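Visitor: So I pulled this structure from the PDB, and the sequence comes with it:
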Amino acid sequence: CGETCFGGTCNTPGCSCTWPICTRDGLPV
């Protein structure tokens, strides 16, 4: 997803906040 969710939030849709990095179904892409 290429986005971090330090505050448990991400702009990129469909990204699971795998604190502190959002993953696209497990993949931090």
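Guide: Okay, I see it. Residues are numbered from 1 along each chain as shown.

Visitor: how about the strands in this protein?
Guide: Counting by DSSP state E, the chain has these strands, from start to end: 16-18, 21-23.

Visitor: Buried deepest among the ones you listed, which one?
Guide: Counting by mean count of other C-beta atoms under 10 Å, strand 21-23 has the highest mean neighbour count of those, with a mean of 18. Where C-beta positions appear, they are placed from N, C-alpha and C, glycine not excepted.

Visitor: Spatially, what comes nearest to residue 25 if we skip its sequence neighbours?
Guide: Spatial nearest neighbour of residue 25, chain neighbours left out: residue 16 (7.0 Å); criterion: C-beta to C-beta, 6 or more residues apart in numbering.

Visitor: actually residue 10, sorry about that
Guide: In space, and not counting its chain neighbours, residue 10 is closest to residue 22: 4.1 Å by C-beta to C-beta, 6+ apart.

Visitor: Relative to residue 11, how far out is residue 18?
Guide: 15 Å (C-beta to C-beta, to the nearest Å).

Visitor: what number of residues lie near residue 25?
Guide: By the criterion of other C-beta atoms under 10 Å, residue 25 has 9 neighbours.

Visitor: bridging residues for the residue nearest to residue 25?
Guide: Taking DSSP bridges as the rule, residue 16 bridges to residue 23.

Visitor: Next, the distance between the ends of stretch 9-24.
Guide: Counting by C-alpha to C-alpha, to the nearest Å, you get 14 Å between the two ends of stretch 9-24.

Visitor: start the count at 256, not 1, going forward
Guide: Will do, 256 is the new start, and the previous item becomes stretch 264-279.

Visitor: so residue 279 makes contact with residue 270?
Guide: Yes. Judged on C-beta atoms under 8 Å, residue 279 makes contact with residue 270 at a distance of 5.7 Å.

Visitor: okay, and the common contacts of these two?
Guide: Common contact partners of residue 279 and residue 270 (C-beta atoms under 8 Å, 6 or more residues apart in numbering): residue 256.
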